[PDB]
Amino acid sequence: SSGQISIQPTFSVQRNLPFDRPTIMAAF
Amino acid sequence: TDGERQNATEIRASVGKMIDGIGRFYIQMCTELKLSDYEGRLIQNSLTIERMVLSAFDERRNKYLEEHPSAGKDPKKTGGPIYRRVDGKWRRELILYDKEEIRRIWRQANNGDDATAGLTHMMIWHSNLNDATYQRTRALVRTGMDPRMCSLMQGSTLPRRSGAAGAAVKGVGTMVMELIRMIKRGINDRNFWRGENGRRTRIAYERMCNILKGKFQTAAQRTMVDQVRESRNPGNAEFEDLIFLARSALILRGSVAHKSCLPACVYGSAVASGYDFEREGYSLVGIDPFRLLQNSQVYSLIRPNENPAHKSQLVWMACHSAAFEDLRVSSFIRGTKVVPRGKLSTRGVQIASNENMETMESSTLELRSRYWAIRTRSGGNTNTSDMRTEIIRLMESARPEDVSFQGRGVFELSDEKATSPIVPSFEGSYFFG
Amino acid sequence: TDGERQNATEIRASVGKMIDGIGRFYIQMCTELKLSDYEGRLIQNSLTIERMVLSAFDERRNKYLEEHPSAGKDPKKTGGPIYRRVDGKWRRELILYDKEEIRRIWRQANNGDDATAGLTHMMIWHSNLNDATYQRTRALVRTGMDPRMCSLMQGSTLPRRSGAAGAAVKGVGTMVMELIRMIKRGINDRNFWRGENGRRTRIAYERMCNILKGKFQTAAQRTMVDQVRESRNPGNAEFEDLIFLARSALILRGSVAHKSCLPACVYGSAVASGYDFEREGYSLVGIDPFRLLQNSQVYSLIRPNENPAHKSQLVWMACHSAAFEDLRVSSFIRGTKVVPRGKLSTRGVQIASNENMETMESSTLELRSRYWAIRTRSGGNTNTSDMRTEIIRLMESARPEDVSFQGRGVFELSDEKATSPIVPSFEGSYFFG
Amino acid sequence: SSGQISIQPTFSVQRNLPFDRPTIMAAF
Amino acid sequence: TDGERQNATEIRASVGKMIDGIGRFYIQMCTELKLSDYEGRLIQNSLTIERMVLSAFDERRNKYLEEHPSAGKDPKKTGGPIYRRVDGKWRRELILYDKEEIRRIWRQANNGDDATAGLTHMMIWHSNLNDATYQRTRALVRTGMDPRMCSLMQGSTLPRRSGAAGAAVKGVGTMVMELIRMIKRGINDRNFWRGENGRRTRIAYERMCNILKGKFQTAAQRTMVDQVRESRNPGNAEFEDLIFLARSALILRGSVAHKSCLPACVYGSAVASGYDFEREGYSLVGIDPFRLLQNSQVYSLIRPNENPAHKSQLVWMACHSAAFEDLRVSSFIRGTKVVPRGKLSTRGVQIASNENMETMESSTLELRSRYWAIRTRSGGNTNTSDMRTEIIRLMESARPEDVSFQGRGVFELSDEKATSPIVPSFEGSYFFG
Amino acid sequence: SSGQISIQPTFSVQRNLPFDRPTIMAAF
Amino acid sequence: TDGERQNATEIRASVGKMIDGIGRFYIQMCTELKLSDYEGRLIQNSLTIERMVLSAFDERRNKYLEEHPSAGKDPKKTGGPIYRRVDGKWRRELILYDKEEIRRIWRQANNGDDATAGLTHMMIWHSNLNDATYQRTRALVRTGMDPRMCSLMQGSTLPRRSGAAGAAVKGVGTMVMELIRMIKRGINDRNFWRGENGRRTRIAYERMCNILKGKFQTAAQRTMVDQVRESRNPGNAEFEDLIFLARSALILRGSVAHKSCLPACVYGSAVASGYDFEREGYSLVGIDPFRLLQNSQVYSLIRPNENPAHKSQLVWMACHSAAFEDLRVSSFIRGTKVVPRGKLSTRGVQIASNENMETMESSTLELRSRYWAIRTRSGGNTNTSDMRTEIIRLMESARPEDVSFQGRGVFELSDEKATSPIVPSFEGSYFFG
Amino acid sequence: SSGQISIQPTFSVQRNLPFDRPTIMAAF
RNA sequence: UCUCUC
RNA sequence: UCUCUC
RNA sequence: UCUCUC
RNA sequence: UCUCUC
RNA sequence: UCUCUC
RNA sequence: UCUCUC
RNA sequence: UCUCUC
RNA sequence: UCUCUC
RNA sequence: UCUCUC
RNA sequence: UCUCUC
Ligand SMILES: *[C][C]([O])[C]O[C][C][C][N]C(=O)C1=[C]C(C2=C3[C]=[C]C(=O)[C]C3=OC3=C2[C]=[C]C(=O)[C]3)=C(C([O])=O)[C]=[C]1
Ligand SMILES: *[C][C]([O])[C]O[C][C][C][N]C(=O)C1=[C]C(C2=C3[C]=[C]C(=O)[C]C3=OC3=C2[C]=[C]C(=O)[C]3)=C(C([O])=O)[C]=[C]1
Ligand SMILES: *[C][C]([O])[C]O[C][C][C][N]C(=O)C1=[C]C(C2=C3[C]=[C]C(=O)[C]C3=OC3=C2[C]=[C]C(=O)[C]3)=C(C([O])=O)[C]=[C]1
Ligand SMILES: *[C][C]([O])[C]O[C][C][C][N]C(=O)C1=[C]C(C2=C3[C]=[C]C(=O)[C]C3=OC3=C2[C]=[C]C(=O)[C]3)=C(C([O])=O)[C]=[C]1
């Protein structure tokens, strides 16, 4: 099932910016 | 900072005067529509008023409607649902205003000035609400883009008439969508990119691709987009390159501006309360919106079997453009856990015509946040075959653990000067998942 | 949705104007052929008229016929059977029209515009009828493909001159057939893929393989098709890979567009009744076709010992491109149980020349549906050795019980805005079984 | 005897999309 | 060797750091359990500590236990028997530790790193002990395999969560057992190899069969295993082929890695004594384990009427994974004749709960060897009907007299650089006979 | 009676690797 | 040839100046170590000096040693065994030099220039010696490669810091080994190919695979290696393809450069004798090395019961990189029959520390050849399923009788211009057999 | 027993480049 | 994952 | 300007 | 690398 | 002067 | 399952 | 097809 | 600042 | 044919 | 938080 | 040789 995969950092706050690495890199 | 303080204060004064114009226009329109204080603070009434203003100034649509009149709708009148409370229960009435009248009221509010900046502000607020409410996966699949990159769809519903502010706030995915639509249009009909209209279409293609280039962060993406722009009659290869560029934006994030564009009801209440945004100034990224939201009461219509807390959270994320933001930081800033879209027991804010306005009730929206933070236009720590291989290497090197915005935290509402940041310590993390 | 509403309304206006052009062209041709209302509503007369229009604009065939005249058929005249009712009984007459005359009538109907989109619409209607009527297992076995994958043969009879619409509506099996025919042609004669014609053939191969790549859903199929395209002089290995790709499309379904292209008689009747498709708009996937079919009477010729209900069901499935659709949902939407092809007591709609038009009668077609639903261009829940193993693993993981289109149901004809869906509760399921 | 083995979903309706699994997977 | 010395030293440093982590973790846990030096050197206490560590990090079992709590055992606590000596006699007490606490201690020992390599090392030590102690002929007969091929059951008790080290150390018989279990599971329920779970099961089948292929030596076995893997829904024929492959491994031996994984008590004593495995390095196949065993004292609990020499021999063979090794070479290396399993007057090392800890005594284990030798991952001199006939010809050509490892002997403990080998001159030869 | 029939060479030492040839080859 | 003569003379001058730098550096270091002429001509002393130079300039190892000091060895000093003759008998002494001192001496010898080319030359000489002396079948079996393809292990011991010369001289088997090690490393830990280190690892993988592609001869191998490189996260399939590529290199030989890198003692003697390599020029593939070897005396230490002729043959094959060359042509060129490795009664040139330097004697090495020939970087007459089948067809078509290098023979030492070749007329043919 | 199976032609001399064909092709 | 933006 | 479910 | 200068 | 999370 | 598309 | 131009 | 043909 | 390069 | 050589 | 892993 599809869904959000990344995060867009609207707030300037110390973060780690998650993203689903196996699914994004599976396209290559 | 430096001697650019004077420049930073002139911009504050100008945005304050635009906010004052919006607020006093809302006050005047509330007086001309005979709405009480409770109805004037309704979010649906504010949405209707804003839509009427935006429709009144739409030059191209008005010209087309004038030349091709619609079915039973004269092209010189605007309107929308107006929700008025009588004997305890709510009731909707369709109002109709002359568009010349609306334009005259808007100009009189802004001291005889057009002030398209205020209209752009209202449009950006609407776009933020739409992004926080609805998913356009249908437009994604129709254009061939993966419906998984919904996080790059910031500012997708913005009309083209939005100026530089609209281009700054709209995301990389929307730019890729516009470029891909142009590519498909040229693929369908080869008379595209040729003739008098060919000049205009090439100019628009150039400009949108240039600002997409300016939106990116790393040099490899910035060079691939330049390679895409150079092709005179782009085809499937350029479309594939744009798809790859959009996919790379999920890890190598692009710089997208985020602004807190509040509904016109809040500005109208502030102007009625005596706030002088012209004197005090304003800033769409600083404490000014957060402080204003803290002291403002806004009411909204709740459909039967709906949670006011979920609708208030939706309206808050729309106000602060936190639709695609990490859920942990959003919950930390708000102080109340922010529930993803799938578990929100609420539909859109706008009420459809085919609804019974007798089982509907109004609930006060809790637009209060425990902390406040500065909105950023930046990405993260982002530190033709050759370009693709380089970008793939960059994305493979990146991990979902690198700490970005090092040393930058969240401030308290008392800390107006952002003297003491609070770095959060860290559950779900995607809204549209 | 979002601010793309204006774009969604311009497309509606354009398709409405093409439908208006088709309808008023049919009206003009009915006036020029001296057909009464009953004959003008005959489906065979509409088929003949449409075929004459398509033949008039066929550039390549007309050029070849001009350079190589046929036996007793001059290359500047078109025609077809015209069925006229006299003294109660039917009678066929072969009519002959100048092709310049037909082109002039078509251009005058569309306000001096070529409007190849309307011709593509007529061709897609013909292709849907052919798919719903006849099985081309002979072309399947001749090209080496399994005759079991007849469900992927959507839009197989479409001529190459169809634009992007033809490529969008045609199925994965037809693309595999075209590619395999090219492979066989190159295997027979090695001078293929070489010379001036080699450039053109490679370009066409590239383009068809690219759009087949765009048709697929999962990444593994999308990569295997790219591997197939890369080979400069493809041979038996590429043909085997294409066979495997087509076989995998039965479980990992590809995205094939479905549009409701109605016969020209319905559009002509609507234009005569005063409907303005330009003002009201149109959509080949929305309620507009279903609503139009509900209010239209269309007659058809019934051969001796044939069931009008079966022919009406065949025409309905042709109109809505439900030839390969699940029988349960088709019967649920129509409200009358849809009988598979094997138990349909009817032959094709088109009447052959060697038929006695004195035992034939006309029956009104019941093109009414109890519900209506939105046609989709999507597959289902689809969630070189390495690629083949990955695809086999994906197909083995899939089951014929996974629920797709979750939460999407069927609407009533009164529900024009699709507000309240009706999810069906679930007999045979294959038409061509 | 040959025949249709899969289903192509023209309508956007909650369905299960039948296919004859033993015969399709018998080819591998 | 060659310039790969640097690579050979980095691996030594990494395994030394993992050994240091294990040892200092054992030291910390001994301090947190308040065990004296004698109790800290008990092999049963070390086994209990190791089992608690392995249970704490078991993700799948912990998740299942959390979702399905057991009877009277909360899923967030681990533990095991702790044997403490008071007033001369031994006494067991069941200890209970929070699993978060154990994970925190393990991470702190390894400098905040997960270090799953250390856990794999502990699991391999446990598997070697189980292989040297118990025969799983019951699992052999249950899966249909001959109970005579117990020599191929190396690393049978290893859990699936072991990484590449577990796959390298586990024998051919265990791989055949896993594949046969998958075959039986697919035979029982035909919905196997089909659907979403079908993809995962096919992927796992592929991977296990590939590494079994890599485990073999001769080309014919390597091709028959590839033939077995190719079948999409394997049945009885593939199971029979796997049985034949396992039977052929008794003569055409497969390459199985052998490592000296010592109990955590030895590493803890070495770390307490000041040994820096990070600086000096380590190697599971070289002199490093043999030297470490020579200088270490380890105590074990002796049941009434048991021989300490037999238990020490069992523990030594478990430490060096010599369970299935030729008895003559084992006795030559150890310097004391190694008695087969049938004549060992000892039960398993682990003490059951239903035992009286008042007739039990502790004996020092003689983990000393007269010589030392390099453990090998190799077979010997190994120099669908067609493949079976070829393999049968190969096995018939082989004899139990061919000399393998020509020129390679056994070294003395003083010969740290393996300069001068001692070729043995050659009684029973099977441990489990 | 069943039992161990082969030898697995853990140590790299000059050996002959015994196995019970009549019983192993009796299966074929 | 053509006007590229000037380019061919500049390269000769540059390599001559690097040879002069090496020789005068050796002279200076002999003066700083107080070695007589006999000791200065010892091959072991030259090996020690060269190793000290290479260790002094090793940036990464020196940095790591500085950050992690070793046990009793300070990271700022180098050294090695120095064999000095006193009262007739030999004696070894461990010397220790500051690494800054060695770097300063090297830079002063090359006129203040780093001259990494000279260091690469010394490393290539060491690698040729190691290839001619030792077999790394252990690294072959550890990586899964067949120990039969030892002929492709040219330049296996070369460190990564070698520049383009190291990549040119190293064989196909070593490239396959490096790629397979990377594959295994990525298989063990999936965080490989991901993140900041993922970028670097992908870049290195790209580059090594590209130069392996450039190493091959036929188009099919060159395309399969490209297919292997394209996979983003390669697994077992890519490893199997690399294994097949390496196996195909035994028949479809790859182009591997061969250079005559002589020990530094010969260059030092030539510089002391007054030879100006800068003026006269040099060439690692022409007559220049053969002529230099003819006029040079080099001594070596002979272990008790060893044949000086066998050690001289080993040193000659190391000098000319004839380790994997056909024995017949090697014996023809040398004029003395070249004995395979199995029948060489000699151990390695380097003397271990645990040796008694009182039964050891020195013997003059016969580095004289009857003829001389030009070393070639070429293969022979070499005239994903599809690529594998094509390669298998190519290998099956090839025979071990096709004559390669047609018309090219061997020259006499008097024939400096290679005017008159001598085609040999043709016993064992494999060194490592 | 394993050993060298091919020849790598370092010298540019008219040769036949031996290799053990039955053992190399036995792998396929 | 395209419930409509050809 | 033809025709045919398998 | 945009913690504010649209 | 419309509407809809996927 | 090739009743025609070599 | 590299008999020399790293 | 080590060493070893298989 | 892995006497050490997990 | 169990146990058992065959 | 299945004292439990259907
Ligand atoms: C706030 C600030 O910072 C911002 O910055 C960034 C931005 C800049 N600007 C820009 O870029 C702009 C753009 C535009 C556009 C255009 C132009 C021209 C043409 O031709 C076309 C176009 O398009 C577009 C745009 C925008 C948006 C979109 O979407 C599209 C402008 C106008 O338009 O005017 C301006 C500016
Ligand atoms: C409706 C919409 O959505 C649709 O989308 C999808 C589609 C797109 N388009 C496309 O792709 C196209 C295609 C085509 C083609 C071609 C081209 C070129 C060449 O060369 C060839 C070809 O081929 C073909 C096609 C189509 C179809 C078929 O079948 C084949 C086009 C043209 O042609 O023009 C266009 C577009
Ligand atoms: C030490 C060294 O040398 C070693 O080498 C050899 C080994 C390699 N590795 C491998 O192979 C591996 C494996 C594995 C596995 C898997 C995977 C995937 C799937 O799916 C499944 C599986 O299974 C298994 C395994 C292992 C073991 C067993 O038993 C089973 C891995 C993982 O898992 O991860 C890794 C690696
Ligand atoms: C003498 C002459 O002729 C030679 O030629 C051929 C060669 C060319 N060169 C090349 O290729 C090179 C390479 C290299 C490398 C690299 C790079 C980059 C990366 O990333 C990586 C790598 O790796 C490697 C190499 C080499 C060798 C090896 O083994 C590996 C280079 C550097 O490094 O720098 C250069 C050049």
# chains A, B, ... in the order shown; residues from 1 in each chain; ligands from 1

call {"tool": "residues_near_ligand", "arguments": {"ligand": "ligand 2", "cutoff": "8 Å", "atoms": "only C-alpha atoms (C1' of nucleotides) and all ligand atoms", "output": "PyMOL selection string"}}
result
(chain B and resi 142-143+184+187-189) or (chain C and resi 158-170+175+178+200-201+203-208+210-211+214+257) or (chain I and resi 6)

call {"tool": "write_last_selection", "arguments": {"atoms": "C-alpha atoms (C1' of nucleotides)", "output": "PDB file, in the first residue's frame"}}
result
ATOM      1  CA  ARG B 142      -2.527  10.476 -14.022  1.00  0.00           C
ATOM      2  CA  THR B 143       0.773  12.260 -14.715  1.00  0.00           C
ATOM      3  CA  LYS B 184       2.878  15.340 -22.168  1.00  0.00           C
ATOM      4  CA  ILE B 187       4.162  14.814 -26.877  1.00  0.00           C
ATOM      5  CA  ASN B 188       0.459  14.715 -27.767  1.00  0.00           C
ATOM      6  CA  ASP B 189       0.589  17.588 -30.280  1.00  0.00           C
TER       7      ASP B 189
ATOM      8  CA  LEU C 158      -7.066  -0.303 -33.044  1.00  0.00           C
ATOM      9  CA  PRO C 159      -5.165   0.947 -36.110  1.00  0.00           C
ATOM     10  CA  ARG C 160      -1.754   2.528 -35.650  1.00  0.00           C
ATOM     11  CA  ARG C 161      -3.047   5.972 -36.683  1.00  0.00           C
ATOM     12  CA  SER C 162      -4.753   6.319 -33.290  1.00  0.00           C
ATOM     13  CA  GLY C 163      -2.894   8.873 -31.199  1.00  0.00           C
ATOM     14  CA  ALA C 164      -2.035   8.848 -27.507  1.00  0.00           C
ATOM     15  CA  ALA C 165      -5.616   7.818 -26.707  1.00  0.00           C
ATOM     16  CA  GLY C 166      -5.198   4.583 -28.653  1.00  0.00           C
ATOM     17  CA  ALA C 167      -1.938   3.798 -26.870  1.00  0.00           C
ATOM     18  CA  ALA C 168      -3.523   4.544 -23.491  1.00  0.00           C
ATOM     19  CA  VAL C 169      -6.581   2.360 -24.054  1.00  0.00           C
ATOM     20  CA  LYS C 170      -4.816  -0.603 -25.680  1.00  0.00           C
ATOM     21  CA  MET C 175       1.703  -4.182 -27.010  1.00  0.00           C
ATOM     22  CA  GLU C 178       3.167  -5.637 -31.702  1.00  0.00           C
ATOM     23  CA  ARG C 200      12.574   4.416 -38.317  1.00  0.00           C
ATOM     24  CA  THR C 201      11.983   0.856 -37.116  1.00  0.00           C
ATOM     25  CA  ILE C 203      12.518   4.606 -33.272  1.00  0.00           C
ATOM     26  CA  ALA C 204       9.115   2.906 -33.394  1.00  0.00           C
ATOM     27  CA  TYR C 205      10.422  -0.036 -31.347  1.00  0.00           C
ATOM     28  CA  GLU C 206      11.822   2.390 -28.764  1.00  0.00           C
ATOM     29  CA  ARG C 207       8.555   4.297 -28.490  1.00  0.00           C
ATOM     30  CA  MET C 208       6.246   1.286 -28.224  1.00  0.00           C
ATOM     31  CA  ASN C 210       8.671   2.907 -23.646  1.00  0.00           C
ATOM     32  CA  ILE C 211       4.901   3.203 -23.465  1.00  0.00           C
ATOM     33  CA  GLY C 214       4.807   3.115 -18.671  1.00  0.00           C
ATOM     34  CA  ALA C 257      -7.301   3.078 -19.540  1.00  0.00           C
TER      35      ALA C 257
ATOM     36  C1'   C I   6      -7.899  13.185 -22.078  1.00  0.00           C
TER      37        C I   6
END

call {"tool": "select_by_dssp", "arguments": {"residues": "chain H", "states": "alpha helix (DSSP H)", "output": "mmCIF file with N, CA, C and O atoms, in the first residue's frame"}}
result
data_model
loop_
_atom_site.group_PDB
_atom_site.id
_atom_site.type_symbol
_atom_site.label_atom_id
_atom_site.label_comp_id
_atom_site.auth_asym_id
_atom_site.auth_seq_id
_atom_site.Cartn_x
_atom_site.Cartn_y
_atom_site.Cartn_z
ATOM 1 N N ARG H 21 41.461 -27.830 -21.917
ATOM 2 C CA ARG H 21 40.092 -27.666 -22.404
ATOM 3 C C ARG H 21 39.082 -28.581 -21.723
ATOM 4 O O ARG H 21 38.006 -28.089 -21.341
ATOM 5 N N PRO H 22 39.319 -29.891 -21.566
ATOM 6 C CA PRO H 22 38.290 -30.729 -20.923
ATOM 7 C C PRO H 22 37.930 -30.295 -19.512
ATOM 8 O O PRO H 22 36.759 -30.380 -19.128
ATOM 9 N N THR H 23 38.901 -29.827 -18.724
ATOM 10 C CA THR H 23 38.602 -29.437 -17.349
ATOM 11 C C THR H 23 37.902 -28.086 -17.277
ATOM 12 O O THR H 23 37.054 -27.879 -16.401
ATOM 13 N N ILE H 24 38.243 -27.154 -18.168
ATOM 14 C CA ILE H 24 37.590 -25.850 -18.156
ATOM 15 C C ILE H 24 36.144 -25.970 -18.614
ATOM 16 O O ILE H 24 35.234 -25.387 -18.014
ATOM 17 N N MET H 25 35.909 -26.727 -19.688
ATOM 18 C CA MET H 25 34.566 -26.842 -20.233
ATOM 19 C C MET H 25 33.703 -27.821 -19.451
ATOM 20 O O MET H 25 32.487 -27.858 -19.659
#

call {"tool": "atom_distance", "arguments": {"atom1": "atom CA of residue 16 of chain B", "atom2": "atom CA of residue 279 of chain B"}}
result
7.6 Å

call {"tool": "atom_distance", "arguments": {"atom1": "atom CA of residue 311 of chain G", "atom2": "atom CA of residue 299 of chain G"}}
result
10.7 Å

call {"tool": "select_by_dssp", "arguments": {"residues": "segment 12-174 of chain G", "states": "strand (DSSP E)", "output": "list in words"}}
result
residues 77, 78, 79, 80, 81, 82, 83, 84, 85, 86, 89, 90, 91, 92, 93, 94, 95, 96, 97 and 98 of chain G

call {"tool": "write_last_selection", "arguments": {"atoms": "N, CA and C atoms", "output": "PDB file, in the first residue's frame"}}
result
ATOM      1  N   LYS G  77      58.733   5.051  13.368  1.00  0.00           N
ATOM      2  CA  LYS G  77      59.980   4.415  12.975  1.00  0.00           C
ATOM      3  C   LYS G  77      59.693   3.201  12.107  1.00  0.00           C
ATOM      4  N   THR G  78      60.511   3.023  11.080  1.00  0.00           N
ATOM      5  CA  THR G  78      60.471   1.867  10.199  1.00  0.00           C
ATOM      6  C   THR G  78      61.782   1.106  10.322  1.00  0.00           C
ATOM      7  N   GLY G  79      61.868  -0.014   9.618  1.00  0.00           N
ATOM      8  CA  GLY G  79      63.081  -0.801   9.643  1.00  0.00           C
ATOM      9  C   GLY G  79      62.856  -2.163   9.025  1.00  0.00           C
ATOM     10  N   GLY G  80      63.838  -3.033   9.236  1.00  0.00           N
ATOM     11  CA  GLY G  80      63.813  -4.373   8.707  1.00  0.00           C
ATOM     12  C   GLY G  80      65.167  -5.035   8.833  1.00  0.00           C
ATOM     13  N   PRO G  81      65.241  -6.324   8.509  1.00  0.00           N
ATOM     14  CA  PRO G  81      66.508  -7.047   8.663  1.00  0.00           C
ATOM     15  C   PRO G  81      67.579  -6.522   7.717  1.00  0.00           C
ATOM     16  N   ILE G  82      68.780  -6.342   8.256  1.00  0.00           N
ATOM     17  CA  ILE G  82      69.951  -5.943   7.481  1.00  0.00           C
ATOM     18  C   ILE G  82      70.997  -7.032   7.659  1.00  0.00           C
ATOM     19  N   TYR G  83      71.398  -7.655   6.557  1.00  0.00           N
ATOM     20  CA  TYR G  83      72.318  -8.785   6.598  1.00  0.00           C
ATOM     21  C   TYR G  83      73.717  -8.287   6.262  1.00  0.00           C
ATOM     22  N   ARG G  84      74.624  -8.380   7.229  1.00  0.00           N
ATOM     23  CA  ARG G  84      75.996  -7.920   7.077  1.00  0.00           C
ATOM     24  C   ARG G  84      76.949  -9.095   7.233  1.00  0.00           C
ATOM     25  N   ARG G  85      77.970  -9.145   6.381  1.00  0.00           N
ATOM     26  CA  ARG G  85      78.949 -10.225   6.393  1.00  0.00           C
ATOM     27  C   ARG G  85      80.129  -9.800   7.259  1.00  0.00           C
ATOM     28  N   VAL G  86      80.423 -10.588   8.288  1.00  0.00           N
ATOM     29  CA  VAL G  86      81.594 -10.389   9.131  1.00  0.00           C
ATOM     30  C   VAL G  86      82.347 -11.710   9.204  1.00  0.00           C
ATOM     31  N   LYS G  89      81.151 -15.177   7.742  1.00  0.00           N
ATOM     32  CA  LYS G  89      79.791 -15.631   7.973  1.00  0.00           C
ATOM     33  C   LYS G  89      78.821 -14.456   7.967  1.00  0.00           C
ATOM     34  N   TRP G  90      77.560 -14.754   7.680  1.00  0.00           N
ATOM     35  CA  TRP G  90      76.524 -13.735   7.627  1.00  0.00           C
ATOM     36  C   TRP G  90      75.905 -13.529   9.005  1.00  0.00           C
ATOM     37  N   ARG G  91      75.279 -12.370   9.183  1.00  0.00           N
ATOM     38  CA  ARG G  91      74.664 -12.023  10.457  1.00  0.00           C
ATOM     39  C   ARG G  91      73.606 -10.956  10.229  1.00  0.00           C
ATOM     40  N   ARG G  92      72.444 -11.140  10.847  1.00  0.00           N
ATOM     41  CA  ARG G  92      71.321 -10.231  10.677  1.00  0.00           C
ATOM     42  C   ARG G  92      71.203  -9.288  11.866  1.00  0.00           C
ATOM     43  N   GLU G  93      70.846  -8.037  11.583  1.00  0.00           N
ATOM     44  CA  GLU G  93      70.610  -7.036  12.616  1.00  0.00           C
ATOM     45  C   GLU G  93      69.374  -6.236  12.242  1.00  0.00           C
ATOM     46  N   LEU G  94      68.471  -6.047  13.200  1.00  0.00           N
ATOM     47  CA  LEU G  94      67.283  -5.240  12.955  1.00  0.00           C
ATOM     48  C   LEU G  94      67.636  -3.763  13.058  1.00  0.00           C
ATOM     49  N   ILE G  95      67.417  -3.025  11.978  1.00  0.00           N
ATOM     50  CA  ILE G  95      67.720  -1.604  11.932  1.00  0.00           C
ATOM     51  C   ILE G  95      66.418  -0.830  12.089  1.00  0.00           C
ATOM     52  N   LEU G  96      66.537   0.391  12.603  1.00  0.00           N
ATOM     53  CA  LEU G  96      65.380   1.242  12.861  1.00  0.00           C
ATOM     54  C   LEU G  96      65.691   2.645  12.373  1.00  0.00           C
ATOM     55  N   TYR G  97      64.841   3.174  11.499  1.00  0.00           N
ATOM     56  CA  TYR G  97      65.025   4.498  10.928  1.00  0.00           C
ATOM     57  C   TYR G  97      63.781   5.339  11.165  1.00  0.00           C
ATOM     58  N   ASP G  98      63.983   6.633  11.395  1.00  0.00           N
ATOM     59  CA  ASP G  98      62.860   7.556  11.477  1.00  0.00           C
ATOM     60  C   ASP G  98      62.196   7.659  10.113  1.00  0.00           C
TER      61      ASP G  98
END

call {"tool": "atom_distance", "arguments": {"atom1": "atom CA of residue 177 of chain E", "atom2": "atom CA of residue 314 of chain E"}}
result
25.4 Å

call {"tool": "interface_residues", "arguments": {"of": "chain A", "to": "chain B", "cutoff": "7 Å", "atoms": "only C-alpha atoms", "output": "ChimeraX atom specification"}}
result
/A:2-19
